[PDB]
Amino acid sequence: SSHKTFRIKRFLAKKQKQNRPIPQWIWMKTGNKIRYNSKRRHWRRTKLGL
Amino acid sequence: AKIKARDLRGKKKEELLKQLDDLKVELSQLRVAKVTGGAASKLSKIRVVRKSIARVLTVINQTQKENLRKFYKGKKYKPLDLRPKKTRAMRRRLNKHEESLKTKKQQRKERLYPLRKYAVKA
Amino acid sequence: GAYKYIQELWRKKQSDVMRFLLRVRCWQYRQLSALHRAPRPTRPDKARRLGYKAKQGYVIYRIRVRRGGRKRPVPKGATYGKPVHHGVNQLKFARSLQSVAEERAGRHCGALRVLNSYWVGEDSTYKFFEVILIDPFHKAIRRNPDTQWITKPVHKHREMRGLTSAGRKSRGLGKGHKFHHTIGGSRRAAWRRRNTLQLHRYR
Amino acid sequence: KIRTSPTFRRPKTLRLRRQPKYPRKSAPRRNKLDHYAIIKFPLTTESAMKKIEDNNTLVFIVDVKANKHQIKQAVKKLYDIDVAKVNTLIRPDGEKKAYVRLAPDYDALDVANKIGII
Amino acid sequence: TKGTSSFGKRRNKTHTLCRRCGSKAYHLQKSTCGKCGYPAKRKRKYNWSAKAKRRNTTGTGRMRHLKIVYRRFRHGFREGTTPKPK
Amino acid sequence: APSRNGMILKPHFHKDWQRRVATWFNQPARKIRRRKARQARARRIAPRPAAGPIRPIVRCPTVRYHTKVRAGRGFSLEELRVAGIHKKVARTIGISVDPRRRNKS
RNA sequence: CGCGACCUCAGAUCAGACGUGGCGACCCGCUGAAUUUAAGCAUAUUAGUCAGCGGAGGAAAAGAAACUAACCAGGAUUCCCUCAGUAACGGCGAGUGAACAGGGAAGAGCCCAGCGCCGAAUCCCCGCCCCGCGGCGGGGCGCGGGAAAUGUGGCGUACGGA
Ligand SMILES: [Zn+2]
């Protein structure tokens, strides 16, 4: 929808920013257990709700 | 320099604003230097200025408040900021003195018949 | 004094003097709203027995309660079950109408607290009660050592727990062999105590 | 006195203003949207420069709560210039991009060197 | 045609985001939330779903004001005092 | 289904009794709590006796127990009047007083 | 009609304060089933139970007899043992089912209306003084305002009281 409200566009802004992968150096840490981002949302598979 | 809180309290209120906006000014090109690709040494300095701005603005917020509550120290009515905020249930209770109020009938009882200290034998 | 002569004056409700007055107040109270404030007691003698004192902080509200029993709020019969619970017309509410008047007065004026209530008139469809309310934050009530028990947070909404004089009648509590099923805290406490297994360590 | 109209209206009773014996809050809240917080950082995008030498404008990242009037006075106060017009948009990333058109007596290239972007 | 061909006409959202509970359960036509009951002053909760209770209780969120009441409780809620300076 | 020989039993377990089950694991901890509060009370009234005020000599009702003698709620006003002790002063010196008791004997 | 009390009833972004909502393991007041059993099932039983509603507190409620008893009598409320699976209720079927007394834990009593006596002897707010002021507290001054005679305060509550 080209027509948007300020609530939806602000809400869509966070989900776009959360779709980026983890940094390269994050598994150089000491007690880190994260291998990759398990919350990567693809626009074809996961439809985000709404 | 390492801005401390001890020496900031004795300075003038308008002198703090003279220092505050310069810290605000000096932080402005630091965000510019991040976008333009500045040196990594200057990118580690911006957290110090953020905490130094927080230090300056705290003292301005601090020193204003004890001037206000000293001004309202003797008055009957004070703003709700200066009133003690502690757990609304007990702000609705009585004062220190009011449950110490005994009736004239009750005060006669302990004077006429006080509780006695006594002991018994075997 | 004069308070005694009004005590048995209200005990003669069938007399000509009271029957004229009771039908005038009932007409007057009917044209008003279902909830409004009375500025002074119509029954000054009754309020003193219940604990009202004519000072600042003592507030009384006069309301009405619709007369009759309680029918079951169900769609057209809506009793999907055994014939025992098929009764819908001749059911009765567990609490009295006076206790309902204490609940409605306390729910509206939530800042005040209900002391007691009394009867001032009735109709075919309405019962009229004056309900005494106490302001727990007025300095006359707050600084008086006799009346500061209202100010404690334990006595919030006494009429909601049935702790008032009218609400205590429907609880069925009291001393004697007629109140065996309310021994303990309440009716619920008696059933709870009698329906538990005291499984000891050594049995 | 006589009643000309058959309807009864409530008489206009006098009402006072607020005369508090104490303010509700001790001190007024300080302005958190100052001239420094409103302008975050300018853009060094190849489209951002392309907006500069051609249109004689400036591109900034500004807070989402800002007005076009507030951006006009902010750029005026911070850099000692004046602004012809301001066009704003909200990028899907989440903060607000504003195009600041400068007056023809000022040059977008020269003011860029004082503020460091090139 | 009650199956696959009937899902193609789904383009009108009936629910939307609530601004008190955060869940997408605010019915536009009834102007009410099916999760928390937005127009009602009281939060919608029921005892027949204990799992739905513990999804949103006093322990789930930030407790940005309640976590300092517990810290201040163990000192008796002292006010106006400061530790002895150097 | 009953067996050959046995009793007819009425187990009162047809309600949801498993919810209302009162275990007694607090009993060893309760006894310590009763003792510690009792010892703390005694130190508060250190010259006064730990039991409290004295109790009168009381015959039992319910003829099954009518030959037994217990310790009662409090001394009657007739018993205090003969002893020459004012009823409002006896309570301060550790005498249990109640106005409900009678004196038939 | 002018002028002035009083009673009812309004308007306030009036001065000063109060309630809303959350949690809800425990508690109080309502409302309140059907699965199940009775080898069916309808009274019963499940069960004042689940669910629903309101209200608090750190505990709540109850509580100092219009009591229990018929004894040579006990003597506020609450909890444990026992009474007792008893008296009793129940298509007297399934099943349901207390209370007194006794031994313990604890143990604290009291206040009004009315009856009357005291010159309203009473209380709230606003201003001033003094002293602490994060619980504005007390005392003193108010031909300062108000509440209160449609009854405040002291003595005084069944054990008697003046
Ligand atoms: Zn919602």
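A few remarks follow.
- Set side by side, the residues C:94, C:111 differ, and just one is within 15 Å of the chain's Cα centre (by Cα) and farther than 25 Å from residue C:11 by Cα, which is C:94.
- Residue D:29 vs. criteria on the phi < 0 side of the Ramachandran plot and within 16 Å of RNA strand G (Cβ to nearest atom): no
- Residues located in segment C:169-188, provided they are basic (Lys, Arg) and surrounded by fewer than 15 Cβ atoms within 10 Å (Cβ to Cβ): C:175, C:178, C:188
- Of all residues in segment B:53-68, those that are closer than 19 Å to residue D:34 by Cα and free of Cβ contacts under 8 Å to residues at least 40 places away in the same chain have Cβ atoms under 8 Å from Cβ atoms of residues that are of a type in the set (D, E, K, R) and surrounded by 13 or more Cβ atoms within 10 Å (Cβ to Cβ), 6 or more apart or on another chain, in B:53/B:24.
- Residue C:124 passes every criterion in (1) without any contact (Cβ under 8 Å) to a residue 60 or more places away in the chain; (2) within 12 Å of RNA strand G (Cβ to nearest atom); (3) small (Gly, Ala, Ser) apart from (2).
- Within segment B:75-88, considering residues that are within 13 Å of chain D (Cβ to nearest Cβ) and under 12 Å from the mean Cα position of the chain (by Cα), the one surrounded by the fewest Cβ atoms within 10 Å (Cβ to Cβ): B:85
- Within segment E:11-23, the set of residues being within 11 Å of chain A (Cβ to nearest Cβ) and more than 9 Å from the ligand (Cβ to nearest atom) comprises E:11, E:13, E:15, E:16.
- Test: residue C:40 is more than 14 Å from chain B (Cβ to nearest Cβ), part of a loop (DSSP other than H, G, I, E, B), within 7 Å of RNA strand G (Cβ to nearest atom) and at negative phi: yes
- Filtered residues of segment C:82-132 (kept if acidic (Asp, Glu) and in a strand (DSSP E or B)): C:122, C:130
- Scanning segment E:26-49 for residues that are closer than 18 Å to residue A:5 by Cβ and within 14 Å of chain A (Cβ to nearest Cβ), we see that the one that is nearest to RNA strand G (Cβ to nearest atom) is E:26.
- Scanning segment B:37-64 for residues that are of a type in the set (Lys, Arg) and facing another protein chain (nearest Cβ under 10 Å) returns no hits.
- Out of A:41, A:10, A:35, sole residue that is surrounded by 10 or more Cβ atoms within 10 Å (Cβ to Cβ), charged (D, E, K, R) and more than 14 Å from every other protein chain (Cβ to nearest Cβ): A:41
- Restricting segment E:50-59 to residues that are assigned to a loop (DSSP other than H, G, I, E, B) and near RNA strand G (Cβ under 8 Å from one of its atoms), the residue that is farthest from the other protein chains (Cβ to nearest Cβ): E:57
- Residue in segment F:45-65 that is within 14 Å of another protein chain (Cβ to nearest Cβ), closer than 29 Å to residue C:200 by Cβ and in a loop (DSSP other than H, G, I, E, B) present: yes
- Scope segment B:1-44; condition touching a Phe, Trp or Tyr at 6+ places or on another chain (Cβ under 7 Å) and assigned to a loop (DSSP other than H, G, I, E, B); matching residues: none
- Looking across segment E:32-71 at every residue that is among the hydroxyl-bearing types (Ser, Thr, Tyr) and out of contact with any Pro (no Cβ under 7 Å at 6 or more places or on another chain), the one that is nearest to the ligand (Cβ to nearest atom) is identified as E:38.
- Just one residue in the set B:21, B:7 is among the charged types (D, E, K, R) and more than 14 Å from chain D (Cβ to nearest Cβ); that residue is B:7.
- Here C:142, C:113, C:107, C:161 are screened, and the one residue that is within 12 Å of RNA strand G (Cβ to nearest atom) and in contact with a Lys or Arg (Cβ under 7 Å, 6 or more places away or on another chain) is C:113.
- Identity of the residue in segment F:10-27, exposed (fewer than 10 other Cβ atoms within 10 Å of the Cβ) and not aromatic (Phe, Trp, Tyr), that ends up farthest from RNA strand G (Cβ to nearest atom): F:18
- Among residues of segment C:48-75 that are away from every other protein chain (no Cβ under 14 Å) and within 10 Å of RNA strand G (Cβ to nearest atom), those with a Cβ under 7 angstrom from a residue that is of a type in the set (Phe, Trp, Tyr) and assigned to a loop (DSSP other than H, G, I, E, B), sequence gap 6+ or separate chain, pair up as C:58/C:52; C:70/C:93.
- Among the residues of segment C:76-100, the ones that are surrounded by 19 or more Cβ atoms within 10 Å (Cβ to Cβ) and in contact (Cβ under 8 Å) with a residue 40 or more places away in the chain come to 2 in all.
- The numbered conditions (1) within 23 Å of the chain's Cα centre (by Cα); (2) within 14 Å of chain F (Cβ to nearest Cβ); (3) aliphatic (A, V, I, L, M) are all true for residue C:141 except (2).
- Of the residues making up segment B:89-122, those that are of a type in the set (A, V, I, L, M) and under 40 Å from the mean Cα position of the chain (by Cα) are B:89, B:90, B:94, B:101.
- Test: residue in segment B:65-74 that is under 27 Å from residue C:148 (Cα atoms) and within 10 Å of chain D (Cβ to nearest Cβ): no
- Answer residue from segment F:76-95, given it is more than 8 Å from chain B (Cβ to nearest Cβ) and outside any helix (DSSP H, G or I) and is surrounded by the fewest Cβ atoms within 10 Å (Cβ to Cβ) among those: F:84
Coordinate-derived values only; no laboratory data. Don't worry about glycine lacking a Cβ; one is built from the backbone with ideal geometry, like all the others, and counts go over all protein chains shown.
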